[PDB]
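Trainee: One structure, pasted below without further comment.
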2 protein chains.
Amino acid sequence: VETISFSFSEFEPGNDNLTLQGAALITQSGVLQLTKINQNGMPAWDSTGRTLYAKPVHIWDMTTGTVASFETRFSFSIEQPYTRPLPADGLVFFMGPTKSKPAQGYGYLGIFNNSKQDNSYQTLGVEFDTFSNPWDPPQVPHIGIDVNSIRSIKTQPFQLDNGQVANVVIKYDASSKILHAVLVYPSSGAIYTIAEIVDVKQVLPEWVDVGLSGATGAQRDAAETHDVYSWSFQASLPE
Amino acid sequence: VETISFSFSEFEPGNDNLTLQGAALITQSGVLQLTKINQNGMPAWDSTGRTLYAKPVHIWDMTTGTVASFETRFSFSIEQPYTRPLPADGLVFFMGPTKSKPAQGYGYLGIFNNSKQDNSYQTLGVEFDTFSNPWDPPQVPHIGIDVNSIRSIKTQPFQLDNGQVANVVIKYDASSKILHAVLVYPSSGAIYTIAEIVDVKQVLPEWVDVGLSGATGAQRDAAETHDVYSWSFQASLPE
Ligand SMILES: *[C@@H]1O[C@H](CO)[C@@H](O[C@@H]2O[C@H](CO)[C@@H](O[C@@H]3O[C@H](CO[C@H]4O[C@H](CO)[C@@H](O)[C@H](O)[C@@H]4O)[C@@H](O)[C@H](O[C@H]4O[C@H](CO)[C@@H](O)[C@H](O)[C@@H]4O)[C@@H]3O[C@@H]3OC[C@@H](O)[C@H](O)[C@H]3O)[C@H](O)[C@H]2NC(C)=O)[C@H](O[C@@H]2O[C@@H](C)[C@@H](O)[C@@H](O)[C@@H]2O)[C@H]1NC(C)=O
Ligand SMILES: *[C@@H]1O[C@H](CO)[C@@H](O[C@@H]2O[C@H](CO)[C@@H](O[C@@H]3O[C@H](CO[C@H]4O[C@H](CO)[C@@H](O)[C@H](O)[C@@H]4O)[C@@H](O)[C@H](O[C@H]4O[C@H](CO)[C@@H](O)[C@H](O)[C@@H]4O)[C@@H]3O[C@@H]3OC[C@@H](O)[C@H](O)[C@H]3O)[C@H](O)[C@H]2NC(C)=O)[C@H](O[C@@H]2O[C@@H](C)[C@@H](O)[C@@H](O)[C@@H]2O)[C@H]1NC(C)=O
Ligand SMILES: OC[C@H]1O[C@@H](O[C@H]2[C@H](O)[C@@H](O)[C@H](O)O[C@@H]2CO)[C@H](O)[C@@H](O)[C@H]1O
Ligand SMILES: OC[C@H]1O[C@@H](O[C@H]2[C@H](O)[C@@H](O)[C@H](O)O[C@@H]2CO)[C@H](O)[C@@H](O)[C@H]1O
Ligand SMILES: [Ca+2]
Ligand SMILES: [Ca+2]
Ligand SMILES: [Mn+2]
Ligand SMILES: [Mn+2]
């Protein structure tokens, strides 16, 4: 059995186990700020940042046909300081091709280049979408399961607890092919759940990079924070 | 669309919307005690109690072949006062044939008569099992998805926060046939998730009674409390 795991109770600046891209930055206080925060302490618009674990993960094996079960947990907070314009764009946990660089920002969240469902993307993502694009349901924010497209195959709206820490648990059972995600706000006690069948062998390459990506809007002040406090991951390939 | 829903933020003694069976009782403080609590305030062993919503639920239609999606949420607390003997047996949320009466207690949790996987049971349940019977995994307590048998098709162990309130969310998406359950302990912040594919048309009758059942052990002091603080349910039959 091939197993890989990591656990960051907090982030340390200078750590070489994480690949920071775009605006991503680790503060001295141990927080991972996916998108830029100005000198005045306000979140900057037109910003995209990602963080990928420095080691590729063996998600499935073509020879044996076996696929890994995995689980990831993380805590984040989104703060929307302005009433207008509407805040944007959200953050996302994703798995895709190794050695990747940031894609389009804004509504594409740094992982897609358009709104097509293209198999060449080879990307699986669980989004926490704060802005309603034309391909999105009307309700925002919403959790979404993205399979080779920004147009989620399943969506679940949730109420944002402004500036409060949300706990996330995403689990994938290879046997049943069920990807189940949970969002909990300890502050309000709110619990949200979403699940859908996803056969990763049809989506992802055998080896993938796992990461988090965030993006702010396309116009002045259409922004919010995308701060991550901790992140752990574990995967087991029965092989 | 046939829709049914109910929400009990607390329980009122005398309410005629709930059918209490066995030891089940609603206290003046608004708590539903599934199993018996003695005069000395300790939980009694050899006790079984259930509570069923007074109206049957239309879960699926044979004619159109459509099946309902549903969601239930509830809060409970289990208190284990003794180090020995081991506490037992647990509680369970279930759906089964209408007009049913309590079955075998103990490890059968009041909903099964043996440990066979019998289609005539026509019962679907999500258990919170505190005692390890020969048909159970070694780890207790554990969440379990029961389909026509006390021998769960899927199990998820969890750590009991003695006497603390646990929040539960169980959701079923008829389209994907995914039954997903979540347990959260606000006290410790612990989150547990379990999911499995279940086609209810193969298990349940078209109309079912929904309820909660609890049971204490087969020997002196093999007991614990099974208190429920709130319970809501909603179901929608696209028809
Ligand atoms: C977070 O970042 C940490 C720092 O980068 C990670 O820890 C490093 O993990 C490396 C494993 O990839 C590990 O590398 C090995 O280092 C050996 C020498 O250092 C040890 O021994 C010294 C005395 O001999 C001692 O002074 C040190 O303090 C260490 O105890 C070295 O012998 C190994 O080389 C062998 O294996 C490689 C690979 O097959 C061969 O190339 C080599 O010929 C030899 O056979 C190995 O060296 C690394 O090899 C690859 C090369 O490119 C690297 O430059 C070279 O360093 C390294 O020791 C530790 N660093 C420390 C300070 O402990 C950490 O990884 C996790 O934790 C480690 C301990 C290990 O369990 C990993 O599997 C974990 O992933 C990162 N954490 C996470 C979650 O990613
Ligand atoms: C929790 O328990 C509550 C108390 O039992 C539930 O509320 C009851 O819900 C009953 C619906 O099943 C409802 O029954 C109807 O009562 C009508 C008369 O009472 C009303 O109007 C009076 C003045 O006319 C007024 O004084 C009262 O305060 C009420 O406002 C009556 O007209 C209805 O009869 C018609 O429909 C039935 C069914 O087709 C026919 O049989 C009948 O011929 C007529 O056409 C109906 O009466 C009930 O009919 C069935 C019979 O066996 C019953 O004995 C008879 O009562 C009842 O009024 C309320 N009670 C109160 C105090 O409001 C509650 O149900 C939920 O809430 C209600 C309001 C409704 O929305 C339900 O659909 C909900 O489920 C329970 N809550 C839950 C979550 O289960
Ligand atoms: O406002 C945030 C929102 O912007 C969308 O892009 C807009 C842009 O804001 C507007 O100034 C320009 O005229 O039209 C663009 C196209 O709609 C992004 O698409 C959306 O993701 C958010 O970033
Ligand atoms: O001890 C709680 C546990 O009892 C099991 O039943 C036992 C019983 O406790 C013991 O006194 C008797 O001799 O044998 C019984 C069969 O194992 C129940 O099966 C279990 O569910 C718990 O209730
Ligand atoms: Ca969007
Ligand atoms: Ca048991
Ligand atoms: Mn979206
Ligand atoms: Mn069990």
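Going by the structure tokens order, chains are called A, B, ..., each with residues numbered from 1, while ligands are numbered from 1 in the order shown.
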Please return as an MDAnalysis selection string the residues found within 7 Å of ligand 6, counting only C-alpha atoms and all ligand atoms.
Mentor: chainID B and resid 89 107 129:133 136
Trainee: Taking 2 positions as the minimum chain separation for residues in the same chain, which residues sit within 10 Å of residue A:94 when counting only C-alpha atoms? Answer as a PyMOL selection string.
Mentor: chain A and resi 52+91-92+96+111+123-127+145-147+208-213
Trainee: Could you please take those selected residues and save C-alpha atoms as a PDB file, in the first residue's frame?
Mentor:
ATOM      1  CA  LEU A  52       0.642  23.045  -3.671  1.00  0.00           C
ATOM      2  CA  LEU A  91     -11.248  29.489  -2.972  1.00  0.00           C
ATOM      3  CA  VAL A  92     -10.903  25.844  -3.954  1.00  0.00           C
ATOM      4  CA  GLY A  96      -4.658  17.928 -11.078  1.00  0.00           C
ATOM      5  CA  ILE A 111      -7.488  26.378 -12.001  1.00  0.00           C
ATOM      6  CA  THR A 123      -8.787  18.434 -12.585  1.00  0.00           C
ATOM      7  CA  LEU A 124     -11.026  17.611  -9.621  1.00  0.00           C
ATOM      8  CA  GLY A 125     -11.922  20.417  -7.229  1.00  0.00           C
ATOM      9  CA  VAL A 126     -14.181  21.311  -4.306  1.00  0.00           C
ATOM     10  CA  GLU A 127     -14.966  25.014  -4.455  1.00  0.00           C
ATOM     11  CA  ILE A 145     -17.820  19.710  -6.857  1.00  0.00           C
ATOM     12  CA  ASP A 146     -15.896  20.511 -10.055  1.00  0.00           C
ATOM     13  CA  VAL A 147     -14.958  17.765 -12.513  1.00  0.00           C
ATOM     14  CA  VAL A 208      -1.313  14.525  -9.173  1.00  0.00           C
ATOM     15  CA  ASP A 209      -0.418  17.672  -7.286  1.00  0.00           C
ATOM     16  CA  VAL A 210      -2.800  18.621  -4.465  1.00  0.00           C
ATOM     17  CA  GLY A 211      -3.389  22.228  -3.527  1.00  0.00           C
ATOM     18  CA  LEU A 212      -5.497  25.205  -2.546  1.00  0.00           C
ATOM     19  CA  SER A 213      -6.218  28.207  -4.759  1.00  0.00           C
TER      20      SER A 213
END
Trainee: For residue A:190, find every residue with an atom within 10 Å (counting only C-alpha atoms), except residues of its own chain fewer than 5 positions away, and show them as a VMD selection string.
Mentor: (chain A and resid 158 to 161 166 183 to 185) or (chain B and resid 167)
Trainee: Using only C-alpha atoms and all ligand atoms, which residues of the polymer chains come no farther than 10 Å from ligand 2? I'd like the answer as JSON, numbers by chain.
Mentor: {"B": [4, 5, 6, 7, 8, 15, 16, 17, 18, 53, 54, 55, 232, 233]}
Trainee: With the cut-off set at 10 Å and counting only C-alpha atoms, tabulate each residue of chain A with an atom at most that distance from an atom of chain B, showing the nearest atom pair and its distance in Å to one decimal, ordered by chain and increasing number, as JSON lines.
Mentor:
{"residue": "A:73", "atom": "CA", "partner": "B:191", "partner_atom": "CA", "distance": 10.0}
{"residue": "A:167", "atom": "CA", "partner": "B:191", "partner_atom": "CA", "distance": 8.8}
{"residue": "A:168", "atom": "CA", "partner": "B:191", "partner_atom": "CA", "distance": 9.0}
{"residue": "A:169", "atom": "CA", "partner": "B:191", "partner_atom": "CA", "distance": 7.8}
{"residue": "A:170", "atom": "CA", "partner": "B:193", "partner_atom": "CA", "distance": 8.9}
{"residue": "A:171", "atom": "CA", "partner": "B:193", "partner_atom": "CA", "distance": 8.0}
{"residue": "A:172", "atom": "CA", "partner": "B:195", "partner_atom": "CA", "distance": 9.5}
{"residue": "A:173", "atom": "CA", "partner": "B:195", "partner_atom": "CA", "distance": 8.5}
{"residue": "A:175", "atom": "CA", "partner": "B:196", "partner_atom": "CA", "distance": 9.7}
{"residue": "A:176", "atom": "CA", "partner": "B:196", "partner_atom": "CA", "distance": 6.7}
{"residue": "A:177", "atom": "CA", "partner": "B:196", "partner_atom": "CA", "distance": 9.2}
{"residue": "A:178", "atom": "CA", "partner": "B:195", "partner_atom": "CA", "distance": 7.2}
{"residue": "A:179", "atom": "CA", "partner": "B:195", "partner_atom": "CA", "distance": 8.8}
{"residue": "A:180", "atom": "CA", "partner": "B:195", "partner_atom": "CA", "distance": 7.2}
{"residue": "A:181", "atom": "CA", "partner": "B:193", "partner_atom": "CA", "distance": 8.4}
{"residue": "A:182", "atom": "CA", "partner": "B:182", "partner_atom": "CA", "distance": 7.8}
{"residue": "A:183", "atom": "CA", "partner": "B:191", "partner_atom": "CA", "distance": 9.6}
{"residue": "A:184", "atom": "CA", "partner": "B:191", "partner_atom": "CA", "distance": 8.5}
{"residue": "A:185", "atom": "CA", "partner": "B:186", "partner_atom": "CA", "distance": 9.6}
{"residue": "A:186", "atom": "CA", "partner": "B:186", "partner_atom": "CA", "distance": 6.5}
{"residue": "A:187", "atom": "CA", "partner": "B:186", "partner_atom": "CA", "distance": 9.3}
{"residue": "A:188", "atom": "CA", "partner": "B:186", "partner_atom": "CA", "distance": 9.9}
{"residue": "A:189", "atom": "CA", "partner": "B:186", "partner_atom": "CA", "distance": 7.1}
{"residue": "A:190", "atom": "CA", "partner": "B:167", "partner_atom": "CA", "distance": 9.9}
{"residue": "A:191", "atom": "CA", "partner": "B:169", "partner_atom": "CA", "distance": 7.8}
{"residue": "A:192", "atom": "CA", "partner": "B:169", "partner_atom": "CA", "distance": 8.5}
{"residue": "A:193", "atom": "CA", "partner": "B:182", "partner_atom": "CA", "distance": 7.8}
{"residue": "A:194", "atom": "CA", "partner": "B:180", "partner_atom": "CA", "distance": 8.1}
{"residue": "A:195", "atom": "CA", "partner": "B:180", "partner_atom": "CA", "distance": 7.2}
{"residue": "A:196", "atom": "CA", "partner": "B:176", "partner_atom": "CA", "distance": 6.7}
{"residue": "A:197", "atom": "CA", "partner": "B:176", "partner_atom": "CA", "distance": 7.1}
Trainee: Create the file for the chosen residues now, containing N, CA, C and O atoms and written as a short mmCIF file (atom, residue, chain, number, x, y, z; two decimals), in the first residue's frame.
Mentor:
data_model
loop_
_atom_site.label_atom_id
_atom_site.label_comp_id
_atom_site.auth_asym_id
_atom_site.auth_seq_id
_atom_site.Cartn_x
_atom_site.Cartn_y
_atom_site.Cartn_z
N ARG A 73 -8.46 17.79 5.34
CA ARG A 73 -9.13 18.67 6.28
C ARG A 73 -8.39 20.00 6.32
O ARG A 73 -7.16 20.06 6.20
N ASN A 167 -14.50 24.90 9.29
CA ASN A 167 -13.75 23.66 9.25
C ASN A 167 -14.26 22.83 8.08
O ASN A 167 -15.47 22.68 7.91
N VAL A 168 -13.35 22.30 7.27
CA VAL A 168 -13.75 21.49 6.12
C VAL A 168 -13.17 20.08 6.16
O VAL A 168 -12.01 19.89 6.53
N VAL A 169 -13.99 19.10 5.79
CA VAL A 169 -13.57 17.70 5.70
C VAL A 169 -14.02 17.17 4.34
O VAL A 169 -15.20 17.24 4.00
N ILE A 170 -13.07 16.70 3.54
CA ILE A 170 -13.36 16.14 2.23
C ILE A 170 -12.79 14.72 2.22
O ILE A 170 -11.59 14.50 2.46
N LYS A 171 -13.65 13.75 1.95
CA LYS A 171 -13.26 12.36 1.95
C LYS A 171 -13.69 11.66 0.67
O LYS A 171 -14.76 11.94 0.12
N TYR A 172 -12.83 10.78 0.17
CA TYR A 172 -13.13 10.03 -1.03
C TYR A 172 -12.91 8.55 -0.76
O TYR A 172 -11.83 8.15 -0.34
N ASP A 173 -13.97 7.76 -0.96
CA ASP A 173 -13.91 6.31 -0.78
C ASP A 173 -13.81 5.71 -2.18
O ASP A 173 -14.77 5.74 -2.94
N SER A 175 -13.68 2.64 -3.10
CA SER A 175 -14.55 1.49 -3.30
C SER A 175 -15.93 1.89 -3.82
O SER A 175 -16.40 1.34 -4.81
N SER A 176 -16.55 2.88 -3.18
CA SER A 176 -17.88 3.34 -3.58
C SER A 176 -17.83 4.49 -4.57
O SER A 176 -18.85 4.85 -5.13
N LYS A 177 -16.66 5.09 -4.74
CA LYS A 177 -16.47 6.22 -5.64
C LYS A 177 -17.21 7.47 -5.17
O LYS A 177 -17.53 8.35 -5.97
N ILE A 178 -17.47 7.55 -3.87
CA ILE A 178 -18.16 8.70 -3.30
C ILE A 178 -17.21 9.77 -2.77
O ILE A 178 -16.32 9.49 -1.96
N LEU A 179 -17.39 10.99 -3.27
CA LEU A 179 -16.62 12.13 -2.79
C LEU A 179 -17.58 12.87 -1.86
O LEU A 179 -18.61 13.38 -2.30
N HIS A 180 -17.31 12.84 -0.56
CA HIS A 180 -18.16 13.54 0.40
C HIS A 180 -17.43 14.67 1.11
O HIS A 180 -16.30 14.52 1.56
N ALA A 181 -18.07 15.84 1.13
CA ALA A 181 -17.51 17.03 1.76
C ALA A 181 -18.45 17.62 2.81
O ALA A 181 -19.67 17.60 2.67
N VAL A 182 -17.85 18.15 3.88
CA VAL A 182 -18.58 18.76 4.98
C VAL A 182 -17.97 20.10 5.38
O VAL A 182 -16.75 20.25 5.42
N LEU A 183 -18.83 21.09 5.62
CA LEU A 183 -18.39 22.40 6.08
C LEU A 183 -19.11 22.69 7.39
O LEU A 183 -20.34 22.58 7.49
N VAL A 184 -18.34 23.05 8.41
CA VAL A 184 -18.87 23.34 9.73
C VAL A 184 -18.35 24.68 10.26
O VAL A 184 -17.15 24.95 10.18
N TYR A 185 -19.25 25.51 10.76
CA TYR A 185 -18.89 26.80 11.36
C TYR A 185 -19.09 26.63 12.87
O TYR A 185 -20.23 26.66 13.34
N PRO A 186 -18.00 26.39 13.63
CA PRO A 186 -18.10 26.22 15.09
C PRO A 186 -18.80 27.42 15.75
O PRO A 186 -19.54 27.27 16.72
N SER A 187 -18.57 28.60 15.18
CA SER A 187 -19.15 29.83 15.68
C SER A 187 -20.67 29.76 15.75
O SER A 187 -21.25 30.00 16.80
N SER A 188 -21.30 29.43 14.63
CA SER A 188 -22.75 29.34 14.56
C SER A 188 -23.29 27.92 14.72
O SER A 188 -24.49 27.73 14.90
N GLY A 189 -22.41 26.93 14.63
CA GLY A 189 -22.83 25.54 14.74
C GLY A 189 -23.43 24.99 13.45
O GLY A 189 -23.90 23.86 13.41
N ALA A 190 -23.41 25.80 12.40
CA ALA A 190 -23.95 25.40 11.10
C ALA A 190 -23.17 24.26 10.47
O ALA A 190 -21.94 24.25 10.49
N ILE A 191 -23.89 23.29 9.91
CA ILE A 191 -23.28 22.13 9.25
C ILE A 191 -23.84 21.99 7.83
O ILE A 191 -25.05 22.04 7.63
N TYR A 192 -22.95 21.87 6.85
CA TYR A 192 -23.38 21.70 5.47
C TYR A 192 -22.70 20.47 4.91
O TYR A 192 -21.52 20.22 5.17
N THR A 193 -23.44 19.70 4.12
CA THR A 193 -22.91 18.48 3.55
C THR A 193 -23.23 18.37 2.06
O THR A 193 -24.26 18.85 1.59
N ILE A 194 -22.31 17.78 1.31
CA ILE A 194 -22.49 17.60 -0.12
C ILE A 194 -21.75 16.33 -0.52
O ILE A 194 -20.69 16.02 0.02
N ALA A 195 -22.34 15.58 -1.44
CA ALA A 195 -21.73 14.34 -1.90
C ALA A 195 -22.12 14.04 -3.34
O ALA A 195 -23.20 14.41 -3.80
N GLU A 196 -21.24 13.35 -4.04
CA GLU A 196 -21.49 12.98 -5.41
C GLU A 196 -20.54 11.87 -5.81
O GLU A 196 -19.48 11.71 -5.20
N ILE A 197 -20.95 11.06 -6.77
CA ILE A 197 -20.13 9.97 -7.25
C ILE A 197 -19.13 10.49 -8.27
O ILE A 197 -19.50 11.19 -9.20
#
Trainee: Could you write out, as a PyMOL selection string, all the residues of stretch 27-186 of chain B that DSSP marks as strand (DSSP E or B)?
Mentor: chain B and resi 32-33+37+43+48-53+57-58+60+67+69-77+89-96+104+112+124-129+142-147+154-157+166-173+178-185
Trainee: Determine which residues of stretch 23-225 of chain B DSSP labels as helix (DSSP H, G or I) from the backbone of this structure, then write them out as a VMD selection string.
Mentor: chain B and resid 106 to 108 119 to 121 200 to 202
Trainee: Got time to write the residues from that selection, N, CA and C atoms, as a tab-separated table (two decimals), in the first residue's frame?
Mentor:
chain	number	residue	atom	x	y	z
B	106	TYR	N	-31.11	-4.78	23.22
B	106	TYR	CA	-29.67	-5.02	23.29
B	106	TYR	C	-28.96	-4.64	21.99
B	107	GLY	N	-28.06	-5.52	21.54
B	107	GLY	CA	-27.30	-5.28	20.32
B	107	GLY	C	-28.14	-5.12	19.07
B	108	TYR	N	-29.41	-5.49	19.14
B	108	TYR	CA	-30.31	-5.37	18.00
B	108	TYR	C	-30.97	-3.99	17.93
B	119	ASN	N	-34.28	-9.61	3.82
B	119	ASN	CA	-35.02	-8.62	3.05
B	119	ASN	C	-36.40	-8.29	3.64
B	120	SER	N	-36.95	-9.21	4.43
B	120	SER	CA	-38.25	-8.98	5.03
B	120	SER	C	-38.22	-7.90	6.11
B	121	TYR	N	-37.03	-7.52	6.56
B	121	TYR	CA	-36.91	-6.47	7.57
B	121	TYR	C	-37.37	-5.13	6.99
B	200	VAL	N	-32.94	2.86	-1.97
B	200	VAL	CA	-34.07	2.59	-1.09
B	200	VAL	C	-35.20	1.77	-1.71
B	201	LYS	N	-35.35	1.81	-3.04
B	201	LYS	CA	-36.40	1.04	-3.71
B	201	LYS	C	-36.20	-0.45	-3.52
B	202	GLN	N	-34.95	-0.84	-3.29
B	202	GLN	CA	-34.61	-2.24	-3.08
B	202	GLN	C	-34.76	-2.66	-1.62
Trainee: Neighbours of ligand 3 within 9 Å, counting only C-alpha atoms and all ligand atoms, as number ranges by chain?
Mentor: A: 45-46, 85-89, 105-109, 131-134, 215-223
Trainee: Do a neighbour search on residue A:37 at 10 Å with only C-alpha atoms, toss out local chain neighbours closer than 5 positions, and write the hits as a list in words.
Mentor: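 Skipping anything fewer than 5 positions along the chain leaves residues 23, 25, 42, 43, 44, 45, 47, 223, 224, 225 and 226 of chain A.
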Trainee: At what distance in Å, to one decimal, does atom 72 (C, counted along the ligand's line) of ligand 1 lie from atom CA of residue A:70?
Mentor: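 Result for atom CA of residue A:70 versus atom 72 (C, counted along the ligand's line) of ligand 1: 18.6 Å, one decimal.
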Trainee: From the options A:65, A:49, A:90, A:163, which residue's atoms come nearest to ligand 7, counting only C-alpha atoms and all ligand atoms?
Mentor: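 Closest to ligand 7, using only C-alpha atoms and all ligand atoms: A:90.
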Trainee: Which residues are near residue B:157? Cut-off 8 Å, only C-alpha atoms, ignore same chain within fewer than 3 positions. Put them as a short mmCIF file (atom, residue, chain, number, x, y, z; two decimals) with N, CA, C and O atoms, in the first residue's frame.
Mentor:
data_model
loop_
_atom_site.label_atom_id
_atom_site.label_comp_id
_atom_site.auth_asym_id
_atom_site.auth_seq_id
_atom_site.Cartn_x
_atom_site.Cartn_y
_atom_site.Cartn_z
N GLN B 139 -13.75 -1.67 17.05
CA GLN B 139 -13.85 -0.30 17.53
C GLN B 139 -15.26 0.19 17.86
O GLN B 139 -16.18 0.07 17.05
N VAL B 140 -15.42 0.72 19.06
CA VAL B 140 -16.67 1.29 19.53
C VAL B 140 -16.30 2.56 20.30
O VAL B 140 -15.24 2.61 20.93
N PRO B 141 -17.13 3.61 20.21
CA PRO B 141 -18.36 3.60 19.41
C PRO B 141 -18.10 3.76 17.91
O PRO B 141 -16.99 4.08 17.49
N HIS B 142 -19.11 3.44 17.11
CA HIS B 142 -19.01 3.59 15.67
C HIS B 142 -20.35 3.92 15.05
O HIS B 142 -21.41 3.60 15.60
N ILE B 143 -20.29 4.67 13.96
CA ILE B 143 -21.48 5.02 13.19
C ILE B 143 -21.61 3.86 12.21
O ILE B 143 -20.59 3.32 11.74
#
Trainee: Could you tell me how far atom CA of residue A:198 lies from atom CA of residue A:135, in Å and to one decimal?
Mentor: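 Between atom CA of residue A:198 and atom CA of residue A:135 the gap is 20.5 Å.
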Trainee: Quick check, in Å to one decimal: how far apart do atom CA of residue A:165 and atom CA of residue A:10 lie?
Mentor: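 That distance, rounded to one decimal, is 13.8 Å.
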Trainee: Need the shell around residue A:67: protein/DNA/RNA residues with any atom at most 9 Å away, counting only C-alpha atoms. Skip same-chain ones fewer than 5 positions apart. Format as a PyMOL selection string?
Mentor: chain A and resi 58-62+174-175+200-201+206+236-239
Trainee: Write the residues of the preceding selection, restricted to N, CA, C and O atoms, as a PDB file, in the first residue's frame.
Mentor:
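Output saved as out25.pdb:
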ATOM      1  N   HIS A  58       0.305   9.633  -5.572  1.00  0.00           N
ATOM      2  CA  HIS A  58      -0.057   8.523  -6.443  1.00  0.00           C
ATOM      3  C   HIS A  58      -1.529   8.223  -6.164  1.00  0.00           C
ATOM      4  O   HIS A  58      -1.863   7.545  -5.190  1.00  0.00           O
ATOM      5  N   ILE A  59      -2.401   8.744  -7.021  1.00  0.00           N
ATOM      6  CA  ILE A  59      -3.836   8.588  -6.852  1.00  0.00           C
ATOM      7  C   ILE A  59      -4.419   7.287  -7.418  1.00  0.00           C
ATOM      8  O   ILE A  59      -5.366   6.736  -6.864  1.00  0.00           O
ATOM      9  N   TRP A  60      -3.865   6.797  -8.520  1.00  0.00           N
ATOM     10  CA  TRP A  60      -4.320   5.536  -9.090  1.00  0.00           C
ATOM     11  C   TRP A  60      -3.254   4.891  -9.966  1.00  0.00           C
ATOM     12  O   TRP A  60      -2.325   5.556 -10.434  1.00  0.00           O
ATOM     13  N   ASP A  61      -3.359   3.577 -10.128  1.00  0.00           N
ATOM     14  CA  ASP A  61      -2.397   2.823 -10.919  1.00  0.00           C
ATOM     15  C   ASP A  61      -3.049   2.176 -12.134  1.00  0.00           C
ATOM     16  O   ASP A  61      -3.956   1.360 -11.994  1.00  0.00           O
ATOM     17  N   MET A  62      -2.560   2.540 -13.318  1.00  0.00           N
ATOM     18  CA  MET A  62      -3.072   2.031 -14.592  1.00  0.00           C
ATOM     19  C   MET A  62      -2.915   0.516 -14.748  1.00  0.00           C
ATOM     20  O   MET A  62      -3.800  -0.151 -15.289  1.00  0.00           O
ATOM     21  N   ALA A 174     -12.638   5.172  -2.504  1.00  0.00           N
ATOM     22  CA  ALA A 174     -12.410   4.591  -3.818  1.00  0.00           C
ATOM     23  C   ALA A 174     -13.335   3.419  -4.123  1.00  0.00           C
ATOM     24  O   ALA A 174     -13.753   3.239  -5.264  1.00  0.00           O
ATOM     25  N   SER A 175     -13.679   2.644  -3.102  1.00  0.00           N
ATOM     26  CA  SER A 175     -14.551   1.493  -3.301  1.00  0.00           C
ATOM     27  C   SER A 175     -15.927   1.894  -3.821  1.00  0.00           C
ATOM     28  O   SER A 175     -16.399   1.345  -4.813  1.00  0.00           O
ATOM     29  N   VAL A 200     -12.403   8.875 -10.149  1.00  0.00           N
ATOM     30  CA  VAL A 200     -11.176   9.602 -10.448  1.00  0.00           C
ATOM     31  C   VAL A 200     -10.346   9.052 -11.611  1.00  0.00           C
ATOM     32  O   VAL A 200      -9.620   9.813 -12.253  1.00  0.00           O
ATOM     33  N   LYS A 201     -10.480   7.756 -11.910  1.00  0.00           N
ATOM     34  CA  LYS A 201      -9.733   7.146 -13.015  1.00  0.00           C
ATOM     35  C   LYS A 201     -10.135   7.766 -14.342  1.00  0.00           C
ATOM     36  O   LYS A 201      -9.358   7.761 -15.294  1.00  0.00           O
ATOM     37  N   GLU A 206      -2.463   9.481 -13.188  1.00  0.00           N
ATOM     38  CA  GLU A 206      -2.037   8.601 -12.102  1.00  0.00           C
ATOM     39  C   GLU A 206      -1.353   9.316 -10.943  1.00  0.00           C
ATOM     40  O   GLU A 206      -1.496   8.912  -9.790  1.00  0.00           O
ATOM     41  N   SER A 236      -4.121   6.693   0.539  1.00  0.00           N
ATOM     42  CA  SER A 236      -3.652   5.316   0.544  1.00  0.00           C
ATOM     43  C   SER A 236      -4.035   4.603  -0.726  1.00  0.00           C
ATOM     44  O   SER A 236      -5.216   4.468  -1.040  1.00  0.00           O
ATOM     45  N   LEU A 237      -3.017   4.146  -1.447  1.00  0.00           N
ATOM     46  CA  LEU A 237      -3.201   3.419  -2.696  1.00  0.00           C
ATOM     47  C   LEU A 237      -3.009   1.930  -2.407  1.00  0.00           C
ATOM     48  O   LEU A 237      -1.888   1.493  -2.141  1.00  0.00           O
ATOM     49  N   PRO A 238      -4.104   1.143  -2.414  1.00  0.00           N
ATOM     50  CA  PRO A 238      -4.031  -0.300  -2.158  1.00  0.00           C
ATOM     51  C   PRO A 238      -3.179  -0.898  -3.271  1.00  0.00           C
ATOM     52  O   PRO A 238      -3.686  -1.277  -4.327  1.00  0.00           O
ATOM     53  N   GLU A 239      -1.871  -0.910  -3.038  1.00  0.00           N
ATOM     54  CA  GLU A 239      -0.899  -1.400  -4.007  1.00  0.00           C
ATOM     55  C   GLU A 239       0.514  -1.237  -3.419  1.00  0.00           C
ATOM     56  O   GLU A 239       1.133  -2.279  -3.099  1.00  0.00           O
TER      57      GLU A 239
END
Trainee: At a cut-off of 7 Å, using only C-alpha atoms, what residues contact residue A:110? Leave out same-chain residues fewer than 6 positions from it and give the result as a ChimeraX atom specification.
Mentor: /A:48,102-104,213-215
Trainee: Nearest to residue A:32: which of A:151, A:51, A:235, A:228 is it, counting only C-alpha atoms?
Mentor: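 The closest residue to residue A:32 is A:228.
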